[PDB]
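In: I would like the atomic coordinates for the input below:
(chains A, B, C, D, E, F, G, H and I, ligands or ions: 33)
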Amino acid sequence: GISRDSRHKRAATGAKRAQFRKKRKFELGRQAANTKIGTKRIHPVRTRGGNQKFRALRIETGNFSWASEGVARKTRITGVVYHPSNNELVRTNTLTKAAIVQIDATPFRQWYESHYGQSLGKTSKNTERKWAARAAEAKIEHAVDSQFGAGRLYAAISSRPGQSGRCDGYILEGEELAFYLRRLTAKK
Amino acid sequence: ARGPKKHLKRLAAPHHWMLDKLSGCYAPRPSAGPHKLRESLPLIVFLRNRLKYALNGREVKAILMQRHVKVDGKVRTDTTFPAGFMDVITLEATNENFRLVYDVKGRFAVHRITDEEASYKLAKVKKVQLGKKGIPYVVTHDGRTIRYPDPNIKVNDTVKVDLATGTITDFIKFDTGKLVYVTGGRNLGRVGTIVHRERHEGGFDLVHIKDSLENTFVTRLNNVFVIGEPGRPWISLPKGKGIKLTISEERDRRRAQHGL
Amino acid sequence: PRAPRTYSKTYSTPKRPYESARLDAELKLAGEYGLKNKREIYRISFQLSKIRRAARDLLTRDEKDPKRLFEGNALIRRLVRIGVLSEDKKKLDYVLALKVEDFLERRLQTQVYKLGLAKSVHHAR
Amino acid sequence: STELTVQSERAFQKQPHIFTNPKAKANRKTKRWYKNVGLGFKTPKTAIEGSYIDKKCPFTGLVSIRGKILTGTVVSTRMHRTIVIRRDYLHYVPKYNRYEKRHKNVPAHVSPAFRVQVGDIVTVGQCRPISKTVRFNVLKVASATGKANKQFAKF
RNA sequence: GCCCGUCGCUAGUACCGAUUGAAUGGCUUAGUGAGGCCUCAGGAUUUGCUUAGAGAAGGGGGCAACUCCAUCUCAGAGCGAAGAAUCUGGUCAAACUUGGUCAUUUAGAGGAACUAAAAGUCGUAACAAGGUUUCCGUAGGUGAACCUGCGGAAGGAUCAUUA
RNA sequence: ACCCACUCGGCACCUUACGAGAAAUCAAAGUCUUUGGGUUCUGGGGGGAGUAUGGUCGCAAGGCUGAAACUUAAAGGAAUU
RNA sequence: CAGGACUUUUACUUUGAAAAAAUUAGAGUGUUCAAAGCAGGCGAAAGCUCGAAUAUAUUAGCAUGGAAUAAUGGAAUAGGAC
RNA sequence: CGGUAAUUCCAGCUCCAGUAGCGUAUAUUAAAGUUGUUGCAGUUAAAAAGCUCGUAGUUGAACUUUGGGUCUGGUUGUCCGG
RNA sequence: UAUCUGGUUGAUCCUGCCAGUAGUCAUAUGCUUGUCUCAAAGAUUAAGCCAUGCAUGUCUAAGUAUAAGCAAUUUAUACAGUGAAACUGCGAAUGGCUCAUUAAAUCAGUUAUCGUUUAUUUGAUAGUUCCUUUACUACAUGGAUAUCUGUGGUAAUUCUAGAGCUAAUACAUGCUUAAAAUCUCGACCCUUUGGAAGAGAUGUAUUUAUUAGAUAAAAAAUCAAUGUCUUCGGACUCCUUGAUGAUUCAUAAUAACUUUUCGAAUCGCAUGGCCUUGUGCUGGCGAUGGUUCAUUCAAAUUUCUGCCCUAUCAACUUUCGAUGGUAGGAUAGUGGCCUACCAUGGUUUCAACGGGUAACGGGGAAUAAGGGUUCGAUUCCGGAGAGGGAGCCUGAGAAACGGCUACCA
Ligand SMILES: [Mg+2]
Ligand SMILES: [Mg+2]
Ligand SMILES: [Mg+2]
Ligand SMILES: [Mg+2]
Ligand SMILES: [Mg+2]
Ligand SMILES: [Mg+2]
Ligand SMILES: [Mg+2]
Ligand SMILES: [Mg+2]
Ligand SMILES: [Mg+2]
Ligand SMILES: [Mg+2]
Ligand SMILES: [Mg+2]
Ligand SMILES: [Mg+2]
Ligand SMILES: [Mg+2]
Ligand SMILES: [Mg+2]
Ligand SMILES: [Mg+2]
Ligand SMILES: [Mg+2]
Ligand SMILES: [Mg+2]
Ligand SMILES: [Mg+2]
Ligand SMILES: [Mg+2]
Ligand SMILES: [Mg+2]
Ligand SMILES: [Mg+2]
Ligand SMILES: [Mg+2]
Ligand SMILES: [Mg+2]
Ligand SMILES: [Mg+2]
Ligand SMILES: [Mg+2]
Ligand SMILES: [Mg+2]
Ligand SMILES: [Mg+2]
Ligand SMILES: [Mg+2]
Ligand SMILES: [Mg+2]
Ligand SMILES: [Mg+2]
Ligand SMILES: [Mg+2]
Ligand SMILES: [Mg+2]
Ligand SMILES: [Mg+2]
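Out: Numbering: from 1, shown residues only, chains lettered A, B, ... in the order given. Ligands and ions are numbered 1, 2, ... in the order given. I have put the structure below:
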């Protein structure tokens, strides 16, 4: 099997090392999960010392965080748009860590509406009062707002889906988001 | 090679078992327990090779079974149970109580003790941390975890555990000019005062120790076990009060105290 | 895989086999003390040599130095006990001057002879 | 080492779990995290004020300096963000009662908080394995300027 | 007296070597590739929930949607859950076919050696100024020591010719 | 230009060694069992052999590098009658 | 003490801490002697009691004392020190 | 050594050595200052590169706080055994 | 325990060797061989091949007996004495052997894990499983399957088909449970100094965010929010915070997530205490289990320094990862460990690389003035391997061979 040993490697000097000891189970490494989008399918793998890692071959949903607001919502992932490591992955639609994906965003929008009442694209008294107490806090980065109008938000996955089975991340914000956008533009 | 080792060869044993070179190929390997393998002392050794109450392993086993040996109040039935430093071994019949303390030379000494002291165990502090639900716990260098400790108990401080329940009754802060016991190295079994504590923030603090006879020596911090305020120890120390004589001196003593 | 047993060769052969004078001396010694072999003599010599090695080493260390004071003293005591050194010569410097005769004149052989009980060494043996 | 740009490759490079809330505007605008390594060593002003990134920096990254702290002269700067340190010593040959002059090159990691030329003497600290050969991270560069003050002979 | 080489004889070592020689092992080009593991399917069979109509002789405490019961129980069928053979791609990768390569061995027609034994043959090269003083570098020549150029060295047969 | 006296540097030489050395001899071949100023190179009985082989340098002759099997109680040095 | 503030950097040597046990050197001890072993010894011979030491290993790392020897560094466009 | 007196062969007798052991073979250590750091040789016995330059290596003149004085701890010889 | 002696000559002094001499937990072998104690012993060649037998199994008052077993006799009309079998649990990863590989590998001393896994151990430890709160499994839930009884298959094997019953600490499901405090929502009143009736949520584990995890000292002015006591001038006071050399640490908090882990439907012996006189409510000593944190036995890596000959090996590594970067994948976790994109490094006359080893490394052994030289398959410690190469299952732990799968022999 795939082994993470440094035995098979050459030394710093470039010397080809001799074959001492046949590969061990503590050196072992398993096949890549390389998770796809659509219909939840999670295979558990028995690791060292008991314990399970969860291979996430085919994932659809994920809970993503809006770090500015301080809220996270369970939402559908619809397509990988950019991945820093490989364009092949993007082509495939391979969900991994640090991949950039499009989120259904509707739940986020709903949450926003509940909170401030301002809406994106264009009742009780206590609620009104609450809204009044807030406001001006509801401004947001323009890019995010624009994205909302289309209905699909850019988010980065921060979970390792091949490890946890869980697919999670953060909605793209500030400078990083801008950078990502620029990259995307360049690619096109 | 493949999982844990389960045997111990007779030569590979700790030397302070005082185990004879012959009469067997194997030594009694201390089971997973409160004390470290090399720093421990298995019950079998204590029974057979110290007090001589048993003649062989079978005898020891038999003794154990009738629920009579007690390590720190709790019963025990393992032949290879690792009772270590400060552990109180109580035998119900005989009514003898023992505390496992080192002697001037290095090995574990048979130290007979009264029931008034046998009630408590003295223990060094290894770790101080907040556990789950923010609850503070102390870790004794001798096995235990004690929840909700007095919050000015730090690392290296020694603690009087009441043993019957397992609560901290009192403690000694680690400081200069406090009676100390050495539990590792060449200086193991020696009693002293702590003159000075060197730091070297990076690797291994060294403590300077003077004994009663004004005779200074240096050991690592993790080998040093506080015992009280100078001249007044919290436990009874064994005969020769952890003093270390020179060889010639020892010889002289042997000669002059002849009474055959 | 049991713990090994210690052996020790307790004698040493001469470094030159047919040194005639030496041989004759050995023979004489044997005659004196009813010795079955040259081997016995060799053993004695070896023993003497060991002692000498110790003594020399001790001497090499400073006098009034701990090790010398101890080990050397012990050696001296042992010698006196065995009866090879005399009470006049509890010195460590005198330990070097011992010579093979003093060990042979201390065997249960010779002693037996010298207290009566025998009529010659062979009889005693 | 870095050498200019900062935001220079395929992925956005940020200090993990450091958040710069883009609503309430701050003085620094983007928050920089640093720590002092300890052992009496000082975190340089180049590390705190700088715009560079590095996970493998002992000040602004995730690696922790522990174990052995070595010193030696710099042999090679050529490979990006790292260094090679020569470490001359004397090996005692007991038969001849004398000493061999010996060698051993230590590859080490260079935080972009430092200016390192070939020939500078460098204090290097042990950390978690960083690459195939690197175990060490540069803590202090001792050759500060050399003769950058008065290079020209004219009084 | 000592003594050198050629050609002889008898043994014994190693050397070169035609044989498109042979053998074993290590890498390796091209192509094949068992078996597991992972994965896309597949779905023998295995059961659970549907009230899905029963014959049932209180098929829930007395003719009756049994004063209908996990009721008698199969056509249901829908909905699951478990799942073997088989199977698509991987991945690790033993091995196998034909080559090439390095290493170590191994037959080996022949050839060129050296040592040992030193009552063979031809001289006498060297040791005396060895009967042409020896050596040395080099080149040519010879039956063999060797001889002869050119330069050198006394380890030479000369520490020697003032003015 | 000589002459005398001194002086550094050189090619040597003569007599003594009180030092060396197996001796022949040597002002170094001395200041070494009373053994250490600094350094580079080379040798480890005689043959086989400066051969075989592999490199490498030569147009070539050759050079530099350089074995082993086996063989042998001596080969040698300086002096002696 | 407990904290800064920075300390030219070594080599060398010192004492200390570590260099598993066996082996080695070695203390004790009539295995009948010895090679060995870690035993034993003394009583009223009703129970009591010494033991099971020490010393070595220098290579490397660690700790501290030393400042001869050997090296390295500072003020010469002073951008030097207070 | 042995070719007709063999102290060396083969035996007999005596004798020597080690002795429940002693011999032979092949390694290996001491002997070996015949591997040399301590510690070898190189004019003639083996051996000084034909000669010079020269990077690594090894090695590399002298020179910076020495001298005094004042008390004060020990540690063995002494001056008696107080 | 500092030693030499025979041999180059007619004789001499040397250089030099050869020969002798002594030892060898150094092997072989030749003769001999009475006793006592101690005791190596198929390493060397072939890590060559193996007849036959054995070398790992295991049960306590305390997981599961309707053996149609034995008991048999003065606890059983549920069982209850022993107890084969079988299920379950645990072990079989230790030990034992061997030295083939292996030359910066192993290994030794030394660090490190702020870089991880860890059955067992000894400490710790979980009122929160509920989900609206006028009639609900909890005095206890479900279906299997072994042995067994019967029907067989095959020349055969520790090959197992078919039927019939039947267990669990096997396999599945799944109840109790408070009080408080805190966070999401407001039927209204009364024009402020606003302030609330009551409804939902909160264990742990999991995941990604995010926040707290302070601390070099004292004294202000006031601009935006605007509290609390007002003895209606205005005061504002007593305002949390562990560890390390050092962290994004320990830990806590808000956000949610999750094919929702765990939170005892388990056993043995005791048979004690209050009467609301039920058979009620209770309660002792233990076994097994189970969560995270300890610790212990361990574990992978890991720092610095040190290996034997060889230059008749001087350049080596880099298409097929060589050295470094970035991101991901993978792993128990770190890392070119692997993948993508990029950069051109890394080692070396202070011998890299290659070659050899009749090389496992070390503790040590033989020798024995001082310095050394040679040996270490072998009783202890590491490491490898089970004919050769792969590949895996089970498990805390194996790339296991007295486990399995294949190929080659
Ligand atoms: Mg776990
Ligand atoms: Mg630390
Ligand atoms: Mg396949
Ligand atoms: Mg002639
Ligand atoms: Mg002539
Ligand atoms: Mg000559
Ligand atoms: Mg020769
Ligand atoms: Mg001559
Ligand atoms: Mg001894
Ligand atoms: Mg005759
Ligand atoms: Mg020798
Ligand atoms: Mg010589
Ligand atoms: Mg010559
Ligand atoms: Mg000088
Ligand atoms: Mg000698
Ligand atoms: Mg001659
Ligand atoms: Mg003659
Ligand atoms: Mg000899
Ligand atoms: Mg008898
Ligand atoms: Mg064999
Ligand atoms: Mg079983
Ligand atoms: Mg084993
Ligand atoms: Mg923070
Ligand atoms: Mg954390
Ligand atoms: Mg990474
Ligand atoms: Mg081998
Ligand atoms: Mg070896
Ligand atoms: Mg070995
Ligand atoms: Mg072998
Ligand atoms: Mg075999
Ligand atoms: Mg295997
Ligand atoms: Mg077997
Ligand atoms: Mg096995």
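
In: around chain A, which positions in chain D sit nearby?
Out: Proximity of chain D to chain A, by C-beta under 8 Å from any C-beta of the partner chain, involves residues D:7, D:9-12, D:14, D:19-23, D:30, D:107, D:132-133. Just so you know, the C-beta spots here come from the backbone N, C-alpha and C atoms, and that holds for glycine as well.

In: tell me the secondary structure at whichever residue of the stretch 101-250 of chain B sits closest to chain D.
Out: Nearest residue of the stretch 101-250 of chain B to chain D (C-beta to the nearest C-beta) works out as residue B:202 at 5.7 Å. Following DSSP: H, G, I helix; E, B strand; the rest coil, residue B:202 is assigned to coil.

In: that one and residue D:65 touch, don't they?
Out: No: taking contacts as C-beta atoms under 8 Å, residue B:202 lies outside contact range of residue D:65: 9.9 Å.

In: pick out the residue nearest the middle of chain C.
Out: For chain C, the residue sitting closest to the mean C-alpha position, by C-alpha atoms, centre = their mean, is residue C:48 at 4.0 Å.

In: for that residue, what are its contacts?
Out: Residue C:48 makes contact with C:98-100, C:103, according to C-beta atoms under 8 Å, 6 or more residues apart in numbering or on different chains.

In: repeat that for 7 Å
Out: When contacts are counted by C-beta atoms under 7 Å, 6 or more residues apart in numbering or on different chains, residue C:48 touches C:98, C:100, C:103.

In: before we move on, back to that, and the residues of chain D next to chain A, which of them are in strands?
Out: residue D:107 (DSSP state E).

In: any of the residues of chain D next to chain A buried? List them.
Out: Buried by 16 or more other C-beta atoms under 10 Å in any protein chain shown: D:11-12, D:14, D:20, D:22, D:107, out of the residues of chain D next to chain A.

In: would you list these in TSV and tack on distance to RNA strand E?
Out: Putting these into TSV (distance: C-beta to the nearest atom of the strand, whole Å) gives the following:
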residue	distance to RNA strand E
D:11	25
D:12	30
D:14	33
D:20	39
D:22	39
D:107	28
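
In: in chain A, which spans are strands?
Out: Using DSSP E, strands in chain A cover A:43-47, A:50-55, A:61-66, A:71-82, A:100-103, A:153-157, A:168-171.

In: return the residues in contact with residue B:237.
Out: Neighbouring residues of residue B:237 by C-beta under 7 Å, 6+ apart: B:101, B:191.

In: okay, and it sits in which element?
Out: Using DSSP states H and E, residue B:237 is not contained in any helix or strand.

In: ok, it to residue B:107 distance?
Out: 15 Å (C-beta to C-beta, to the nearest Å).

In: and for the residue of chain C found nearest chain D, the neighbour number?
Out: Chain C approaches chain D most closely through residue C:60 (21.2 Å), counting by C-beta to the nearest C-beta. Residue neighbour count, defined by other C-beta atoms under 10 Å in any protein chain shown, stands at 8 for residue C:60.

In: rewinding a little: out of the contacts of residue C:48, which sit inside helices?
Out: Of those, the ones assigned to helices by DSSP state H are residue C:103.

In: next one: phi and psi at the residue in chain B that RNA strand I sits nearest to?
Out: As assessed by C-beta to the nearest atom of the strand, RNA strand I sits closest to residue B:3 within chain B, at 2.4 Å. Per-residue torsions, residue B:3: phi 60, psi -170 (degrees, to the nearest 10).

In: ok, which of the strands of chain A comes nearest chain B?
Out: Using C-beta to the nearest C-beta, these put strand A:50-55 closest to chain B, at 14.9 Å.

In: give the buried residues for that closest one.
Out: A:53-55.

In: coming back round to it: go back to the buried ones among the residues of chain D next to chain A and keep what's next to RNA strand I.
Out: Near RNA strand I, taking C-beta under 7 Å from any atom of the strand as the test, the members of those found are D:11, D:107.

In: let's have the buried ones among the residues of chain D next to chain A in CSV, adding distance to residue B:58.
Out: Formatted as CSV, these follow (distance: C-beta to C-beta, whole Å):
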residue, distance to residue B:58
D:11, 69
D:12, 72
D:14, 68
D:20, 73
D:22, 77
D:107, 61
